[PDB]
Structures are given as structure tokens and as C-alpha cells.
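All remarks here apply to the structure that follows.
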Amino acid sequence: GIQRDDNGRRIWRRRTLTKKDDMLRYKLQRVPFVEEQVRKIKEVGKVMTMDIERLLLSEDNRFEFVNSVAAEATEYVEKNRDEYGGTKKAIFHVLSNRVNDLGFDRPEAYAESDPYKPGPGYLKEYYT
Amino acid sequence: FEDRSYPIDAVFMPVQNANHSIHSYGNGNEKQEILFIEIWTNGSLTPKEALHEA
């Protein structure tokens with residue numbers, strides 16, 4: 001398989017699919033009208049539900065997972081008490097860190113606010 | 001009907017889709033709401049141009 005073309009460069013055969021896979025053309029297509037859906041999913045916090053399901057795919061026992069998460073959150077609160085309880089929750093921080101430890105980027109503790117609040121004092125009125 | 005020309009059933013929809021949503025805020029007796037408008041166009045018009053034309 002070794003062959004040099006007289007100039008020091010080694011010529012080698014590139015590997016190619018050389019076959020038809022009908023699953024390629026039919027599957028690599030994107031829906032164009034899910035901007036509001038994705039934004040609403042991020043706003044309500046379903047990405048954290050997906051993260052929680054993902055973390056349990058590597059756990060033999062879910063009760064052990066819950067106990068370990070609670071212990072880690074307790075350590076977080078004991079070390080830095082003042083940083084939690086408001087916009088940052090310890091359990092959410094633990095979940096985000098465990099997701100981030102896998103190499104998947106997430107906002108810290110899933111802490112988000114509304115950029116459209118019309119100044120201080122105004123509270124969003126939920127539409128039931 | 002003449003000259004054997006095949007029609008094309010064209011749908012004149014430069015704006016593919018559009019949505020609106022409302023956010024409400026208030027502190028006591030004074031209230032305030034915000035309008036959001038989403039526009040999807042097929043490239044023959046920008047969403048800002050579509051907003052102005054509408």
C-alpha cells in the first residue's frame with residue numbers, strides 16, 4: 001500500500017462511501033419555524049428535564065443519584081451560604097455542573113431573567 | 001384558455017408565517033403590556049420590510 005510519487009510525497013487511497021444510503025438525503029433536513037418553540041422551551045425550563053433524564057442514563061440506581069445530588073448541594077450551601085437561595089439554587093447548580101462535567105455547556109444553575117421587565121417594581125402577571 | 005399554456009397554482013405568500021405574543025407587567029393599579037411579533041419570510045423581503053409594509 002506504500003507508494004511515493006518520486007518527490008517524497010506518499011500517495012494513498014482515500015476511503016469513500018462508494019454506495020447509496022437513502023437515509024442521508026431524507027434525514028438531514030431542518031424545520032424552519034421553531035424559533036418561538038425553542039425560546040419557550042428555554043424560558044420554561046425543559047432543557048433541565050432533558051438534562052435530568054440524561055444524567056440518569058448513567059445511574060444504576062436513581063435513589064443513589066438523588067442522595068448524591070442532595071449531598072453535593074449540601075456541600076455547596078455549607079461552603080458558600082450567601083450565594084444560594086435567590087436567583088441561584090444549589091440543586092440547579094449541582095445539576096448544571098454535572099451536565100457541564102460531561103462537556104455540555106449550560107448556563108450556571110439554569111439561572112435566567114427577563115430582559116423585557118419595564119424597570120424596577122414591575123412584576124410579570126402570568127396569563128393562566 | 002388559448003395556446004395550450006399550463007397554469008401554475010401560485011400562492012402569493014412572501015411571509016411564510018407570523019405570530020404575536022403578549023407579556024403583561026404591573027405594580028398595583030398601573031399596568032403595562034408588551035407586544036412581540038415574529039415574521040418568517042422567503043427572502044424576497046426582510047422581516048423589517050414586511051413589518052413596515054403591513
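Chain identifiers are assigned as A, B, and so on, following the order in which chains appear in the C-alpha cells; residues are numbered from 1 within each chain, and ligands are numbered from 1 in order of appearance.
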Interface rows for chain B against chain A: nearest pair, Å to one decimal, 10 Å, only C-alpha atoms, as JSON lines:
```
{"residue": "B:16", "atom": "CA", "partner": "A:33", "partner_atom": "CA", "distance": 9.2}
{"residue": "B:17", "atom": "CA", "partner": "A:33", "partner_atom": "CA", "distance": 7.9}
{"residue": "B:18", "atom": "CA", "partner": "A:33", "partner_atom": "CA", "distance": 9.6}
{"residue": "B:19", "atom": "CA", "partner": "A:36", "partner_atom": "CA", "distance": 8.8}
{"residue": "B:20", "atom": "CA", "partner": "A:36", "partner_atom": "CA", "distance": 10.0}
{"residue": "B:21", "atom": "CA", "partner": "A:36", "partner_atom": "CA", "distance": 9.8}
{"residue": "B:22", "atom": "CA", "partner": "A:127", "partner_atom": "CA", "distance": 9.3}
{"residue": "B:23", "atom": "CA", "partner": "A:124", "partner_atom": "CA", "distance": 7.3}
{"residue": "B:24", "atom": "CA", "partner": "A:125", "partner_atom": "CA", "distance": 5.5}
{"residue": "B:25", "atom": "CA", "partner": "A:124", "partner_atom": "CA", "distance": 4.3}
{"residue": "B:26", "atom": "CA", "partner": "A:122", "partner_atom": "CA", "distance": 5.0}
{"residue": "B:27", "atom": "CA", "partner": "A:122", "partner_atom": "CA", "distance": 5.2}
{"residue": "B:28", "atom": "CA", "partner": "A:122", "partner_atom": "CA", "distance": 8.9}
{"residue": "B:30", "atom": "CA", "partner": "A:122", "partner_atom": "CA", "distance": 9.4}
{"residue": "B:31", "atom": "CA", "partner": "A:122", "partner_atom": "CA", "distance": 8.5}
{"residue": "B:32", "atom": "CA", "partner": "A:118", "partner_atom": "CA", "distance": 8.4}
{"residue": "B:33", "atom": "CA", "partner": "A:124", "partner_atom": "CA", "distance": 9.2}
{"residue": "B:34", "atom": "CA", "partner": "A:116", "partner_atom": "CA", "distance": 8.4}
{"residue": "B:38", "atom": "CA", "partner": "A:36", "partner_atom": "CA", "distance": 8.2}
{"residue": "B:39", "atom": "CA", "partner": "A:33", "partner_atom": "CA", "distance": 9.8}
{"residue": "B:40", "atom": "CA", "partner": "A:33", "partner_atom": "CA", "distance": 7.8}
```
For the selection you just gave me, I'd like the residues written to a file as a tab-separated table (two decimals), in the first residue's frame, keeping N, CA and C atoms.
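The new file part_36.tsv reads:
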```tsv
chain	number	residue	atom	x	y	z
B	16	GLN	N	-43.88	33.65	5.12
B	16	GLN	CA	-44.22	32.25	5.31
B	16	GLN	C	-45.09	32.04	6.54
B	17	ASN	N	-44.78	32.72	7.63
B	17	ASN	CA	-45.51	32.55	8.87
B	17	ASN	C	-45.38	33.82	9.71
B	18	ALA	N	-46.32	33.99	10.64
B	18	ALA	CA	-46.32	35.15	11.52
B	18	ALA	C	-47.03	34.79	12.82
B	19	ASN	N	-46.51	35.32	13.92
B	19	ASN	CA	-47.07	35.07	15.25
B	19	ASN	C	-46.96	36.32	16.09
B	20	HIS	N	-47.81	36.41	17.11
B	20	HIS	CA	-47.74	37.50	18.07
B	20	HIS	C	-47.97	36.96	19.47
B	21	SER	N	-47.35	37.61	20.45
B	21	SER	CA	-47.48	37.20	21.84
B	21	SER	C	-47.45	38.44	22.72
B	22	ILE	N	-48.00	38.30	23.93
B	22	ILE	CA	-48.21	39.42	24.84
B	22	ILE	C	-47.56	39.10	26.17
B	23	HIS	N	-46.77	40.03	26.70
B	23	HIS	CA	-46.24	39.97	28.05
B	23	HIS	C	-46.83	41.12	28.85
B	24	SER	N	-47.38	40.81	30.02
B	24	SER	CA	-48.04	41.80	30.85
B	24	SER	C	-47.26	42.02	32.14
B	25	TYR	N	-47.18	43.27	32.57
B	25	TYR	CA	-46.49	43.65	33.79
B	25	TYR	C	-47.34	44.66	34.55
B	26	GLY	N	-47.08	44.76	35.85
B	26	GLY	CA	-47.80	45.72	36.67
B	26	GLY	C	-47.39	45.73	38.12
B	27	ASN	N	-47.49	46.90	38.76
B	27	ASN	CA	-47.24	47.07	40.19
B	27	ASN	C	-48.41	47.85	40.78
B	28	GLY	N	-49.47	47.15	41.14
B	28	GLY	CA	-50.64	47.79	41.72
B	28	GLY	C	-51.63	48.22	40.65
B	30	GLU	N	-51.36	50.39	38.16
B	30	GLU	CA	-50.85	50.73	36.84
B	30	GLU	C	-50.30	49.47	36.17
B	31	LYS	N	-50.75	49.21	34.95
B	31	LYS	CA	-50.38	48.01	34.22
B	31	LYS	C	-49.71	48.40	32.91
B	32	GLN	N	-49.05	47.42	32.29
B	32	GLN	CA	-48.32	47.65	31.06
B	32	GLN	C	-48.10	46.31	30.37
B	33	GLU	N	-48.26	46.28	29.05
B	33	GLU	CA	-48.08	45.06	28.29
B	33	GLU	C	-47.19	45.31	27.09
B	34	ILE	N	-46.58	44.23	26.61
B	34	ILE	CA	-45.57	44.28	25.56
B	34	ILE	C	-46.00	43.36	24.43
B	38	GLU	N	-43.34	37.87	15.45
B	38	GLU	CA	-42.39	37.04	14.73
B	38	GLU	C	-42.80	36.97	13.27
B	39	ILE	N	-41.84	37.16	12.37
B	39	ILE	CA	-42.08	37.16	10.94
B	39	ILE	C	-41.09	36.22	10.28
B	40	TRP	N	-41.59	35.30	9.45
B	40	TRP	CA	-40.77	34.44	8.62
B	40	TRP	C	-41.05	34.78	7.16
```
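The residue set within 9 Å of residue 76 of chain A, counting only C-alpha atoms and dropping same-chain residues fewer than 3 places from it, reads residues 71, 72, 73, 79, 80, 81, 84, 90, 91, 93 and 94 of chain A.
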Store the residues picked out above, limited to N, CA and C atoms, as a PDB file, in the first residue's frame.
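And here's result30.pdb as it stands now:
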```pdb
ATOM      1  N   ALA A  71     -26.407  15.521  48.605  1.00  0.00           N
ATOM      2  CA  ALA A  71     -25.168  15.705  49.358  1.00  0.00           C
ATOM      3  C   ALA A  71     -24.288  16.779  48.726  1.00  0.00           C
ATOM      4  N   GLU A  72     -24.179  16.775  47.396  1.00  0.00           N
ATOM      5  CA  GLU A  72     -23.382  17.793  46.720  1.00  0.00           C
ATOM      6  C   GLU A  72     -23.984  19.182  46.910  1.00  0.00           C
ATOM      7  N   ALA A  73     -25.314  19.288  46.845  1.00  0.00           N
ATOM      8  CA  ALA A  73     -25.965  20.572  47.092  1.00  0.00           C
ATOM      9  C   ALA A  73     -25.737  21.038  48.524  1.00  0.00           C
ATOM     10  N   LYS A  79     -20.393  25.483  52.006  1.00  0.00           N
ATOM     11  CA  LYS A  79     -19.182  26.222  51.664  1.00  0.00           C
ATOM     12  C   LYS A  79     -19.484  27.689  51.373  1.00  0.00           C
ATOM     13  N   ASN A  80     -20.503  27.961  50.553  1.00  0.00           N
ATOM     14  CA  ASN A  80     -20.880  29.330  50.178  1.00  0.00           C
ATOM     15  C   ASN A  80     -22.375  29.505  50.433  1.00  0.00           C
ATOM     16  N   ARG A  81     -22.722  29.898  51.657  1.00  0.00           N
ATOM     17  CA  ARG A  81     -24.129  30.007  52.030  1.00  0.00           C
ATOM     18  C   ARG A  81     -24.820  31.150  51.296  1.00  0.00           C
ATOM     19  N   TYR A  84     -26.607  31.232  47.434  1.00  0.00           N
ATOM     20  CA  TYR A  84     -27.759  30.435  47.049  1.00  0.00           C
ATOM     21  C   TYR A  84     -29.002  30.908  47.788  1.00  0.00           C
ATOM     22  N   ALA A  90     -29.061  25.731  44.794  1.00  0.00           N
ATOM     23  CA  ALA A  90     -27.951  24.793  44.933  1.00  0.00           C
ATOM     24  C   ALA A  90     -28.164  23.536  44.101  1.00  0.00           C
ATOM     25  N   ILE A  91     -29.381  22.990  44.110  1.00  0.00           N
ATOM     26  CA  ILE A  91     -29.648  21.766  43.361  1.00  0.00           C
ATOM     27  C   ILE A  91     -29.517  22.017  41.866  1.00  0.00           C
ATOM     28  N   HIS A  93     -27.603  24.284  40.534  1.00  0.00           N
ATOM     29  CA  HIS A  93     -26.168  24.422  40.308  1.00  0.00           C
ATOM     30  C   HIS A  93     -25.493  23.060  40.209  1.00  0.00           C
ATOM     31  N   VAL A  94     -25.872  22.127  41.085  1.00  0.00           N
ATOM     32  CA  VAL A  94     -25.315  20.778  41.038  1.00  0.00           C
ATOM     33  C   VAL A  94     -25.656  20.111  39.713  1.00  0.00           C
TER      34      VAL A  94
END
```
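Non-sequential neighbours of segment 50-52 of chain B (distance at most 9 Å, separation of 5 or more positions within a chain, only C-alpha atoms) are residues 14, 15, 37, 39, 41 and 45 of chain B.
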Let's have the selection written as a compact mmCIF listing (two decimals), in the first residue's frame, with N, CA and C atoms.
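The resulting file, part.txt, is shown below:
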```
# COMPACT_ATOMS: atom_id res chain seq x y z
N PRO B 14 -45.22 35.82 0.43
CA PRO B 14 -43.84 36.18 0.78
C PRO B 14 -43.53 36.00 2.25
N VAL B 15 -44.51 36.22 3.12
CA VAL B 15 -44.35 35.97 4.55
C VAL B 15 -44.83 34.55 4.83
N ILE B 37 -43.75 40.31 17.87
CA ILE B 37 -44.18 39.86 16.56
C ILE B 37 -43.04 39.09 15.90
N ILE B 39 -41.84 37.16 12.37
CA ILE B 39 -42.08 37.16 10.94
C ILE B 39 -41.09 36.22 10.28
N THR B 41 -40.00 35.12 6.41
CA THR B 41 -40.14 35.46 5.01
C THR B 41 -39.27 34.54 4.16
N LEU B 45 -38.11 39.54 0.94
CA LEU B 45 -38.46 40.65 1.80
C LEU B 45 -37.86 40.37 3.17
```
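For chain A, backbone-based DSSP labels the following residues as strand (DSSP E or B): residues 4, 10, 123 and 124 of chain A.
Atom pair atom CA of residue 52 of chain A / atom CA of residue 113 of chain A: separated by 21.4 Å.
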Subject >> Test item, alpha helix (DSSP H) assignment across chain A, answer as number ranges by chain >> reply: A: 22-27, 35-44, 47-56, 62-79, 90-100
Subject >> Near-residue 43 of chain A list (12 Å; only C-alpha atoms; drop same-chain fewer than 4 positions) as an NGL selection string >> reply: :A and (36-39 or 47-48 or 110-115)
**OP:** For residue 13 of chain A, list every protein, DNA or RNA residue within 12 Å, evaluated using only C-alpha atoms, and leave out those in the same chain fewer than 6 positions away; present the list as a VMD selection string.
**Re:** chain A and resid 1 to 3
Please produce a file of the residues just selected, as a JSON list (two decimals), in the first residue's frame, where the atoms kept are N, CA and C atoms.
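The resulting selection.json:
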```
[["chain", "number", "residue", "atom", "x", "y", "z"],
["A", 1, "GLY", "N", 0.80, -1.21, 0.00],
["A", 1, "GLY", "CA", 0.00, 0.00, 0.00],
["A", 1, "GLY", "C", 0.83, 1.27, 0.00],
["A", 2, "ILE", "N", 2.14, 1.11, 0.21],
["A", 2, "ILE", "CA", 3.05, 2.25, 0.23],
["A", 2, "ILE", "C", 3.47, 2.59, -1.19],
["A", 3, "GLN", "N", 3.40, 3.87, -1.53],
["A", 3, "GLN", "CA", 3.82, 4.33, -2.86],
["A", 3, "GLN", "C", 4.14, 5.81, -2.78]]
```
